[PDB]
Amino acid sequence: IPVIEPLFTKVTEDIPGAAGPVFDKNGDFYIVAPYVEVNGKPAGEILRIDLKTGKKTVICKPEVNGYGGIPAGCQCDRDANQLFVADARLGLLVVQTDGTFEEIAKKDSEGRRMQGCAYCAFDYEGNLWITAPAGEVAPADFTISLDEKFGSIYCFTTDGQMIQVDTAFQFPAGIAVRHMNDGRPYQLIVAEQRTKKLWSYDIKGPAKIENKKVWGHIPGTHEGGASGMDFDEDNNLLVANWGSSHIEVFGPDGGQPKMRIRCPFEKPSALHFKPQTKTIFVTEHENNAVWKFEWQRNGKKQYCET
């Protein structure tokens, strides 16, 4: 498998659990710090990053009824400049740039308590596909599906339904939507981190997925596996391989990586393209920092750019 070794440039540092890189509609850059603690308990943060200096501004320190959040992954909305944030303690948040936030759902459409969420991805129809590797949200005790298969997959639809669409995953992590060239949502890809598998489904409509199959396999002997992922404009899937020091590059049909991207750090946790550029911003847990590098082509347009 060919490997490339592009130059990485440091963006910012000192971010506990750095993850959830995202750009809003104005081009501002944000990340999450899931692992910040105060008085011995979770107190994670959502931060805006000055791209010139790497200066960090805390946007939001989400807490609900005295239970602090573990914000873990982000996407930007289209019709309003607001961030959808997957939170491993609080479920799904909508965070405004002014710092105000709302917990969007605490129960699914079957009436059961939400599971804590980690990554999410909008399709072009505005439905948000979400991985939930944690156990029940606060006030339940915090657990994650690293060793047991209780992680779940949700779709939060444009009608405001939070629908559990699959379950029994061993730490579901990155998630991405592949669209037809004409814009129709076609496939959902889900990383099952602790089985080294990427799963695909056919998207038949809002919260409707069928044809579940193993789509690709993640290399590596390390502890970990696929974390965050996103498509480039050719529908190659770039997949951070936590613990392997690489981002894997899959062609549209999956299988084994057709190329690897060597990183100067062990634990890439998430990645996100800067809009209308070939620049990928990468969070990582070796140094708890953010970097950028130049890919071969632009990213796939995100929902917020449509």
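Residue numbers run from 1 along the displayed sequence.
Taking only CA atoms, the mean B-factor in the PDB entry is higher for 246-254 than for the other of 35-43 and 246-254.
Look at the C-alpha B-factors of 218-226 and of 111-119. On average they run higher in 218-226.
Residue set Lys204, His179, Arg89, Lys106: peak C-alpha B-factor at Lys106 (per PDB entry).
Highest C-alpha temperature factor among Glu192, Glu136, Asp79, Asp98, as the PDB entry reports it: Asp79. Looking at the C-alpha B-factors along this chain, the one for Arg48 belongs to the lowest third. Sort the modelled residues of the chain by CA B factor and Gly160 lands in the highest third. In the PDB entry, a CA B factor belonging to the middle third of its chain's modelled residues is recorded for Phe273. In the deposited entry, the Cα temperature factor of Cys74 places it in the lowest third of its chain's modelled residues.
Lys212: CA B factor lies in the lowest third for its chain, per the PDB record.
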